[PDB]
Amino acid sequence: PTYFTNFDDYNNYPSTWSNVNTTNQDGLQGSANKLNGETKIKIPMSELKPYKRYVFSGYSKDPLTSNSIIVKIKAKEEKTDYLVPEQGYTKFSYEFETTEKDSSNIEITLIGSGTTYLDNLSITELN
């Protein structure tokens, strides 16, 4: 994993995730990001490799199982996805790609209904 956060002691992301609420003990381990609304990150292309395929992964859950999440990734393409959390934590994965090492950013957005929980968000290189 290139970038990782556990919403506890570890976060090596080069930019901040917005709207992070970790005052809970509902994580896969420790604390989770309790998502109410949107959490977004802009990662400069200076902090990523060019012409690379990546996977944005993580774990989500909704104990009341009545909510869903839109994942939007703005990279080479601008693709949106539909994520339905289960009652307990399960892993999600979404591929995206980079092009040139310009001064643009790739953008990762998670937008949920109600209250959902996110933990151990990673960005990993593939090929």
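Numbers follow the displayed sequence, beginning with 1.
Across the two stretches, 96 to 104 and 63 to 71, the PDB entry reports the greater mean Cα temperature factor for 96 to 104. When the modelled residues of the chain are ordered by C-alpha B-factor, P44 sits in the highest third.
When the CA B factors of the chain's modelled residues are split into thirds, the value for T80 lands in the highest one. Sort the chain's modelled residues by C-alpha temperature factor and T124 lands in the highest third, per the entry.
Split the chain's modelled residues into thirds by C-alpha temperature factor. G37 is in the lowest one. Per-chain ranking of the deposited C-alpha B factor places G27 in the middle third.
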